[PDB]
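> 3D model of this:
(9 chains, ligands or ions: 58)
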Amino acid sequence: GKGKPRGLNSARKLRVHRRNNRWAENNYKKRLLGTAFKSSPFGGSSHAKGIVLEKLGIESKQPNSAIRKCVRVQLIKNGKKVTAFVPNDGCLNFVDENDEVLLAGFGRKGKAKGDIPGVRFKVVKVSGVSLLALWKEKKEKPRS
Amino acid sequence: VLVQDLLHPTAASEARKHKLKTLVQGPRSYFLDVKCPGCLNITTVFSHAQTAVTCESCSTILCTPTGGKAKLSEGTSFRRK
Amino acid sequence: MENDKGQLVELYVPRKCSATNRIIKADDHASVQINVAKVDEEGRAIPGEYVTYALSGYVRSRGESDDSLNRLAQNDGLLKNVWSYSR
Amino acid sequence: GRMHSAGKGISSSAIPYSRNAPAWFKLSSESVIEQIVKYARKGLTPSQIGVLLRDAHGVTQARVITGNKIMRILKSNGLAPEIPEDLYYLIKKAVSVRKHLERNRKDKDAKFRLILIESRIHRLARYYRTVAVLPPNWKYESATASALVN
Amino acid sequence: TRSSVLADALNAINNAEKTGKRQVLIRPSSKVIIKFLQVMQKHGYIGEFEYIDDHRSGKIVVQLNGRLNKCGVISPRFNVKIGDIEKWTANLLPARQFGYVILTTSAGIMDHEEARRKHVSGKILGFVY
Amino acid sequence: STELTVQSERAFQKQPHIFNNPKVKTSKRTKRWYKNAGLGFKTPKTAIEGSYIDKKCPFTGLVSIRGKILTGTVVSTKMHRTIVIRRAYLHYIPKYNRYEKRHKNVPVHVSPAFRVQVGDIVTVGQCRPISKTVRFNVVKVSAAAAXXXXXXXXX
RNA sequence: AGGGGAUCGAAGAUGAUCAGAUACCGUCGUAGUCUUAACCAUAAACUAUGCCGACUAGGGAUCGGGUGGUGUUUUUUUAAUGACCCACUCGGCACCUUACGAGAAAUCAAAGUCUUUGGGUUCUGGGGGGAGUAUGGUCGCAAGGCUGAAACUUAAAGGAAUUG
RNA sequence: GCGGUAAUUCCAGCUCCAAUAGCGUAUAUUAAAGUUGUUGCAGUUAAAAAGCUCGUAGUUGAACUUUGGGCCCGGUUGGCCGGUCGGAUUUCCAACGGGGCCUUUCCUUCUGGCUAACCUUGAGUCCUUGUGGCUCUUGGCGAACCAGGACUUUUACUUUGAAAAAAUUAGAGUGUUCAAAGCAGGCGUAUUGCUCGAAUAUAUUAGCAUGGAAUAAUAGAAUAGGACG
RNA sequence: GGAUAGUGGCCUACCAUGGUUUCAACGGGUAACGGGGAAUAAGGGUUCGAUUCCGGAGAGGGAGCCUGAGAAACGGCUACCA
Ligand SMILES: [Mg+2]
Ligand SMILES: [Mg+2]
Ligand SMILES: [Mg+2]
Ligand SMILES: [Mg+2]
Ligand SMILES: [Mg+2]
Ligand SMILES: [Mg+2]
Ligand SMILES: [Mg+2]
Ligand SMILES: [Mg+2]
Ligand SMILES: [Mg+2]
Ligand SMILES: [Mg+2]
Ligand SMILES: [Mg+2]
Ligand SMILES: [Mg+2]
Ligand SMILES: [Mg+2]
Ligand SMILES: [Mg+2]
Ligand SMILES: [Mg+2]
Ligand SMILES: [Mg+2]
Ligand SMILES: [Mg+2]
Ligand SMILES: [Mg+2]
Ligand SMILES: [Mg+2]
Ligand SMILES: [Mg+2]
Ligand SMILES: [Mg+2]
Ligand SMILES: [Mg+2]
Ligand SMILES: [Mg+2]
Ligand SMILES: [Mg+2]
Ligand SMILES: [Mg+2]
Ligand SMILES: [Mg+2]
Ligand SMILES: [Mg+2]
Ligand SMILES: [Mg+2]
Ligand SMILES: [Mg+2]
Ligand SMILES: [Mg+2]
Ligand SMILES: [Mg+2]
Ligand SMILES: [Mg+2]
Ligand SMILES: [Mg+2]
Ligand SMILES: [Mg+2]
Ligand SMILES: [Mg+2]
Ligand SMILES: [Mg+2]
Ligand SMILES: [Mg+2]
Ligand SMILES: [Mg+2]
Ligand SMILES: [Mg+2]
Ligand SMILES: [Mg+2]
Ligand SMILES: [Mg+2]
Ligand SMILES: [Mg+2]
Ligand SMILES: [Mg+2]
Ligand SMILES: [Mg+2]
Ligand SMILES: [Mg+2]
Ligand SMILES: [Mg+2]
Ligand SMILES: [Mg+2]
Ligand SMILES: [Mg+2]
Ligand SMILES: [Mg+2]
Ligand SMILES: [Mg+2]
Ligand SMILES: [Mg+2]
Ligand SMILES: [Mg+2]
Ligand SMILES: [Mg+2]
Ligand SMILES: [Mg+2]
Ligand SMILES: [Mg+2]
Ligand SMILES: [Mg+2]
Ligand SMILES: [Mg+2]
Ligand SMILES: [Zn+2]
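Numbers count the residues shown, from 1 in each chain, chains lettered A, B, ... in the order given. Ligands and ions are numbered 1, 2, ... in the order given. Let me share the structure:
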């Protein structure tokens, strides 16, 4: 009866064996090791607000050919440096260095999105006023 | 095959099987009385000997053992029971 | 396979092997029906009158269709000797 | 099937259905018991005695004509040895294997056969010791076993 | 080494039915085997069986028809708790209308509907449809 | 446990409030007190015939047995007048629907009215805190020795 | 660490070859190859297939044991022996044909009796890289062995079969 | 995967789709996932059997010991009638369960207290030709359990039951106008009150308490230091 | 024996060498208060519970104590540290 002990008093062996093999599950390991809190630029939190250091033009990967307009950002709770994408046509016009941006994840559990190499985040707000509203023109950036 | 009498197997194809693989297992060995005319009385012997059996009085022989049944010695007789 | 009150519902009560009693289902185009003719006085095989036997595909593939026919027909009076029940 | 090899061979006595009889067997319980004890006096083992009785005499099974196993007959008349005989012959063997290995330290095969024998010794001895026929704390050991068997 | 004698007899019965046989020599037979084979026969999944007495543990020659799909043994005799006879039969029975899960209770080896009317329970032995 | 000496302490060993008047000439020297614990546990003769003191005796001491009554098998008899017993039991794990062998070792005071040995099964009554760890007292020896003399010499 | 050191021959030196040729081929030939006393513990250490038990199908060979014979050949005076022939049965190493059945298939008498899912038990695996790497513990004279992660990266990597 | 000049994925206009006082995004987690597999995975070639054998902890472990027959007692569904003024119970009947008996058959055990039950019978009879029926004390039931003494092989499993907060869940009742809720409310003489409620279920593992005696263990009598008196 | 409202190595004196552990002691982690409970609806499960009820703990960190039936209290005192 391949493998597992079938008997009626081997619940100890079965429990332990499960414990051990949960560790081969990449998300159990992450949750138990605390990777969230230990690695990762966010705290494990959903978002994180940082400061714009410089404006980058990341060249996209194959078989695409573009320049991917990003920003290096230094997280306020970490000082950790993080290169983040500025989505939508324009928008890199909206940032400028030293501004205060709200970075969010990319929706890939870590992992960089499409062809933007090694960018695991995206800009959601600048100066407290959100890209989307600025792009459409519902809002306007604050004074300074 | 497909349907057969497992309870009443023919003593022909039962005689052929292994002593343990019969319907109710039993031995295939037998005993026999043996004589050597120098004496007048007989000795009871098992067909598979191990011990090279000697007669009642005369230090003679009877059978030397083997891988199975014993080899009774030269001029001897034997009724079976 | 009746229903609530009486009424035999559900079509098609399939055949059945006389040797195994396993169902003979539709797509078994390897099962068989052997009609055996009832004779009468002095030869004469009486058309339209049979002792019939159904044999499932499994048995015929296994090579048990001959031996099982013998047993079936003999204990049905149209054979004597031939088959032994012991072995 | 076989503990210390992979051999699977079935092979045994096929004991008869007839738990009594042979009917053709005359003699008496008296007779064979006295035969058992006289051979036990001669120093034979219950195995040895059963075989000798089974061929040279007419004793199909010593337990049928006397409702008693040979070892109990030897025990009752106060003839049981110190250790059982299967444990004896195992220890005896381990002794001879070891003696051969003291002489030929280059025979790694013998070392491997010594382990198997000794492990068999120890598990058997543990059984006997559970069922109180060996004094609880009875243990095999090479230094004392050579002295034990002889 | 032989671990469940119930298992061997049952499986052997199953290989027989599948191989299109009508009879089967099982070894080595026991009270628990008799009572499983007796509930199997109480509902006609087998015909009559026969205990042959070797002077050892026994042998059984089961005569079987062919209304048997499968008869299995639940290898750890799990303890069933009057509510759980529900979930067991649910797990391994082709329908509610038929099939039996047979188990051991302190009111005897009995199928689940018997055990339900008698309103007793215990450990689970096997099943048969 | 104990054995010998009786009077083997810096303090005089006496039963409290059990006066034996020296004016009254007695043919038993010391007057002894005893009781029965209840729950049908016979106060064995070794407790009434005895001469020991043990104020933690349930039969000749100042302790009442009440609450739990449990049984275990004696695994340690090295502490003076107290033992340690193992209590095995199977724990039920749902998810797997089977059990697993567990155990706990209860420390329990043992009156010198009992001669206890490792291996014996003992029946033990709950009582007030006797020591840092002892919450139980031996109230019945349901064993003997386990065929100890039946391991004697040869014929 | 001794011995041994014929043969072949990691290293190295050469002759040729080549654009190059630290190779392939030729020559010389150190270590080794052999043995003793110790280490080392790894191989595609392979049947790439845990062990014990049950059950499920036909066949001719063959190795060991055994049983049966008014079988053959061995001559002598018939035997006894021995080898040989036929039938059987155990336990082997294998092949053949089947395929009820299994598989993703190649194939498989188990890799079968598995969604109609439970005989007992041991071990391992959880996408690919990162990597058998880093770190600690341990073993070794050493080379190394055992134990053995993570950050990050990535949409395939992979298997069997078909057609080109 | 789209975009390098007719872009069905970009920027827009048009039209169109889905959800709609809401809809998108990020992080987590649950389902899908039989990708953690007790149920329920896989490990020849895809990830994966330790080079091999011993072996302790652990898990597992062949069969066998009261089975069979006979008798009584009373239940709860279901039929065929209903007798009746929708439900009723007796006989006819099966079906399915419960209790106690006799078969060689401890039920712990003495010593009374107690008796409900017939081997009784003491009378006869209501009434269908009579074992259809119970009142009814004078030889003759133990166990139904009191209480005192004397002792007892250990467990696992299952059954039922007690002890069991509320809110939560499941769920009955009630027309918050519906609904989420709430535990209200509903009737008249609405001039001097009448009244239904505020259920039931789960509540497990451990401990307690009772019934079971299959399946699993455990103990016993072999240097008899055995059992009854 | 002292101490306590009181049992107790709670504490002290003398005496012993014991106690726990692969059925995982001891140690480490916890982005750990525990429970009633919550989310996920074939089942078996998985995940969660700082948070309306119950229990515990704290009142910047420690210790100490007065009053009192009850506090080692902090919208009490006392000392140190911050
Ligand atoms: Mg791994
Ligand atoms: Mg990864
Ligand atoms: Mg940079
Ligand atoms: Mg075998
Ligand atoms: Mg083994
Ligand atoms: Mg043999
Ligand atoms: Mg004391
Ligand atoms: Mg001590
Ligand atoms: Mg103590
Ligand atoms: Mg050389
Ligand atoms: Mg070179
Ligand atoms: Mg060159
Ligand atoms: Mg070179
Ligand atoms: Mg060269
Ligand atoms: Mg390797
Ligand atoms: Mg190979
Ligand atoms: Mg391998
Ligand atoms: Mg074959
Ligand atoms: Mg021959
Ligand atoms: Mg097949
Ligand atoms: Mg094919
Ligand atoms: Mg992986
Ligand atoms: Mg290191
Ligand atoms: Mg060295
Ligand atoms: Mg190293
Ligand atoms: Mg490793
Ligand atoms: Mg390392
Ligand atoms: Mg791509
Ligand atoms: Mg266009
Ligand atoms: Mg699109
Ligand atoms: Mg458009
Ligand atoms: Mg939605
Ligand atoms: Mg599912
Ligand atoms: Mg996975
Ligand atoms: Mg289960
Ligand atoms: Mg399922
Ligand atoms: Mg998988
Ligand atoms: Mg592989
Ligand atoms: Mg291997
Ligand atoms: Mg190992
Ligand atoms: Mg068993
Ligand atoms: Mg009966
Ligand atoms: Mg009854
Ligand atoms: Mg309950
Ligand atoms: Mg105190
Ligand atoms: Mg010490
Ligand atoms: Mg110690
Ligand atoms: Mg552990
Ligand atoms: Mg915390
Ligand atoms: Mg928590
Ligand atoms: Mg909480
Ligand atoms: Mg918190
Ligand atoms: Mg409390
Ligand atoms: Mg604060
Ligand atoms: Mg304070
Ligand atoms: Mg306050
Ligand atoms: Mg500080
Ligand atoms: Zn002679």
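> looking at this, residue F:70 is in a helix?
No: assessed by DSSP: H, G, I helix; E, B strand; the rest coil, residue F:70 does not belong to a helix; its assignment is strand.
> if I look at it, how far off is residue C:33?
75 Å (Cβ to Cβ, to the nearest Å). For every residue, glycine as well, the C-beta is placed using N, CA and C.
> So for these two, which sits in the more crowded spot?
Applying other Cβ atoms under 10 Å in any protein chain shown to residue F:70 and residue C:33 shows that residue F:70 carries more neighbours, namely 15 against 12.
> I figured that one hits residue F:137, correct?
No: using Cβ atoms under 8 Å, residue F:70 is not in contact with residue F:137; the gap is 11.1 Å.
> Between the two, which contacts overlap?
Common neighbours of residue F:70 and residue F:137 (criterion: Cβ atoms under 8 Å, 6 or more residues apart in numbering or on different chains): residue F:124.
> Dihedrals phi and psi, residue E:108?
phi 100, psi 160 (degrees, to the nearest 10).
> What's the separation between it and chain A?
21 Å (Cβ to the nearest Cβ, to the nearest Å).
> For that residue, give me its contacts.
Residue E:108 makes contact with residue E:35 under the criterion Cβ under 8 Å, 6+ apart.
> now do residue F:75
Contacts for residue F:75 (Cβ under 8 Å, 6+ apart) come out as F:84, F:85, F:86, F:105, F:118.
> Over to residue A:78?
A:41, A:43, A:48.
> switch to 10 Å and redo it
Under the criterion of Cβ atoms under 10 Å, 6 or more residues apart in numbering or on different chains, the contact list for residue A:78 reads A:40, A:41, A:42, A:43, A:48, A:50.
> With residue F:16 instead?
Contacts of residue F:16 by Cβ under 10 Å, 6+ apart are F:33, F:55, F:62.
> Next: residue F:70.
Going by Cβ under 10 Å, 6+ apart, residue F:70 touches F:85, F:87, F:106, F:108, F:122, F:123, F:124, F:125, F:126, F:136.
> and those, which of them are in strands?
Among the contacts of residue F:70, the members falling in strands (DSSP state E) are F:85, F:87, F:106, F:108, F:122, F:123, F:124, F:125, F:126, F:136.
> What sits closest to the spatially most central residue of chain F if chain neighbours are left out?
By Cα atoms, centre = their mean, chain F has its centre lying nearest to residue F:110, at 2.5 Å. Excluding its sequence neighbours, the residue lying closest to residue F:110 (Cβ to Cβ, 6 or more residues apart in numbering or on different chains) is residue F:138, at 4.3 Å.
> next one: phi and psi at the spatially most central residue of chain E?
Against the mean C-alpha coordinate of chain E, by Cα atoms, centre = their mean, the closest residue is residue E:36 at 3.9 Å. Main-chain torsions, residue E:36, degrees, to the nearest 10: phi -70, psi -50.
> Repeat that for residue D:35.
Dihedral angles (degrees, to the nearest 10) for residue D:35: phi -70, psi -40.
> picking up where we left off before, of the contacts of residue F:70, select the buried ones using a ChimeraX command.
ChimeraX command restricting these to the buried ones, with burial defined by 16 or more other Cβ atoms under 10 Å in any protein chain shown:
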select /F:85,106,108,122,123,124,125,126,136
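> if we look at the sheet, which residues does residue 70 bridge to?
Just so you know, I chose chain A. On the basis of DSSP bridges, residue A:70 is bridged to residue A:56, residue A:85.
> think we crossed wires, I meant chain F
Where residue F:70 sits in a bridge, its partners, by DSSP bridges, are residue F:124.
> Name the nearest residue to residue C:25, ignoring sequence neighbours.
residue C:14 (5.8 Å).
> Which parts of chain C are helices?
Taking DSSP state H to define them, one finds helices in chain C at C:57-62, C:65-74.
> Select, out of these, the one closest to RNA strand H.
Comparison of the helices of chain C against RNA strand H by Cβ to the nearest atom of the strand identifies helix C:57-62 as nearest, at 25.3 Å.
> ok, now how distant is residue C:56 from residue C:15?
9 Å.
> shared neighbours of these two, anything?
Joint contacts of residue C:56 and residue C:15 (Cβ under 10 Å, 6+ apart) are C:23, C:24, C:25, C:28, C:31.
> what does chain C put close to chain E?
Residues of chain C that fall close to chain E, judged by Cβ under 10 Å from any Cβ of the partner chain: C:16-17, C:19-23, C:56, C:58-59, C:62, C:64, C:68, C:71.
> among the residues you listed, which two are most distant?
Largest separation among those by Cβ to Cβ: C:23 and C:71, giving 20.6 Å.
> Who has more neighbours out of these two?
Between residue C:23 and residue C:71, counted using other Cβ under 10 Å, the more crowded position is residue C:71 (22 against 14).
> Regarding stretch C:66-84, how distant is the last residue from the first?
In stretch C:66-84, first residue to last residue: 13 Å (Cα to Cα, to the nearest Å).
> Which helix or strand contains residue A:133?
helix A:131-136 (DSSP states H and E).
> and that helix, what other elements does it pack with?
The contact analysis (3 or more Cβ pairs under 10 Å, 6 or more residues apart in numbering or on different chains; DSSP states H and E) places helix A:131-136 against strand A:121-126.
> So which bits of the strand it packs on are buried?
Across strand A:121-126, burial judged by 16+ other Cβ under 10 Å covers A:121, A:122, A:123, A:124, A:125, A:126.
> From the contacts of residue F:16, list the buried ones, please.
Of those, not one counts as buried by 16+ other Cβ under 10 Å.
> Can I get the residues you listed in a markdown table including distance to residue A:136 and secondary structure?
Output for the contacts of residue F:16, formatted as a markdown table (distance: Cβ to Cβ, whole Å; DSSP: H, G, I helix; E, B strand; the rest coil):
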| residue | distance to residue A:136 | secondary structure |
| --- | --- | --- |
| F:33 | 99 | coil |
| F:55 | 91 | coil |
| F:62 | 90 | coil |
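> out of the residues you listed, who's nearest ligand 7?
Of all the contacts of residue F:16, residue F:55 has the smallest distance to ligand 7: 6.4 Å, by Cβ to the ion.
> tell me the contacts of that closest one?
Residues near residue F:55 by Cβ under 10 Å, 6+ apart: F:13, F:14, F:15, F:16, F:61, F:62, F:63, F:130.
> circling back to that earlier point, dump the ones in strands among the contacts of residue F:70 into JSON lines; add distance to residue D:146 as well.
Shown next, in JSON lines, are those (distance: Cβ to Cβ, whole Å):
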{"residue": "F:85", "distance to residue D:146": "42"}
{"residue": "F:87", "distance to residue D:146": "45"}
{"residue": "F:106", "distance to residue D:146": "47"}
{"residue": "F:108", "distance to residue D:146": "47"}
{"residue": "F:122", "distance to residue D:146": "43"}
{"residue": "F:123", "distance to residue D:146": "48"}
{"residue": "F:124", "distance to residue D:146": "48"}
{"residue": "F:125", "distance to residue D:146": "54"}
{"residue": "F:126", "distance to residue D:146": "56"}
{"residue": "F:136", "distance to residue D:146": "50"}
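> Now which of the shared contacts of residue C:56 and residue C:15 would you call buried?
C:24, C:28, C:31.
> Got the phi and psi for the second one?
The phi and psi torsions at residue C:28 (degrees, to the nearest 10) take the values phi -70, psi 80.
> Next: residue E:21.
In terms of degrees, to the nearest 10, the main-chain angles of residue E:21 are phi -90, psi 170.
> That one is in contact with residue B:4, isn't it?
Yes: the criterion here is Cβ atoms under 10 Å, and residue E:21 meets it with residue B:4 at 8.6 Å.
> For the shared contacts of residue C:56 and residue C:15, please prepare CSV with the additional fields distance to RNA strand H.
Converted to CSV, the shared contacts of residue C:56 and residue C:15 look like this (distance: Cβ to the nearest atom of the strand, whole Å):
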residue, distance to RNA strand H
C:23, 25
C:24, 30
C:25, 26
C:28, 29
C:31, 32
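> Restricting to the residues you listed, which residues neighbour RNA strand G?
Among the shared contacts of residue C:56 and residue C:15, none lies close to RNA strand G by the criterion of Cβ under 7 Å from any atom of the strand.
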